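If you're matching them up, the sequences are chains A and B in order.
Residue numbers for the first sequence, in our numbering: 1 to 24.
Residue numbers for the second sequence, in our numbering: 101 to 129.
Backbone N, C-alpha and C fix where the C-beta goes; we use that ideal spot for every residue, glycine too.
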Amino acid sequence: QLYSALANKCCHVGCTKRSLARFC
Amino acid sequence: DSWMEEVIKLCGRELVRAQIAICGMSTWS
């Protein structure tokens, strides 16, 4: 899922706070 | 916090905490 993609991404490399911002 | 950028390395519940915080504190442009 998109959230799982974000979850893995942030947990591995990281993500932008702006990225979680567009997800919520 | 900095809504213009920020790159974090969180996971799980902290990730959701950051989400809740970011999406709630969207009072700042």
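Would DSSP call residue i helix, strand or coil?
i	result
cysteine 15 of chain A	strand
Taking the DSSP output, what are the residues bridged to residue i?
i	result
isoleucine 120 of chain B	Paired residues: none, contrary to the question.
Relative to the alpha-carbon of residue i, which residue among the options has its alpha-carbon at the smallest distance?
i	options	result
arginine 18 of chain A	B:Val116, B:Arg117, B:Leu115 and B:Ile122	B:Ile122
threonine 16 of chain A	B:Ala118, B:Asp101, B:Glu105 and B:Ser129	B:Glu105
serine 4 of chain A	B:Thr127, B:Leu115 and B:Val107	B:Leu115
Using C-beta distances below 7 Å, list every residue in its chain close to residue i, excluding the 5 sequence neighbours before and after it, in chain order.
i	result
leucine 20 of chain A	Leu6
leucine 110 of chain B	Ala118
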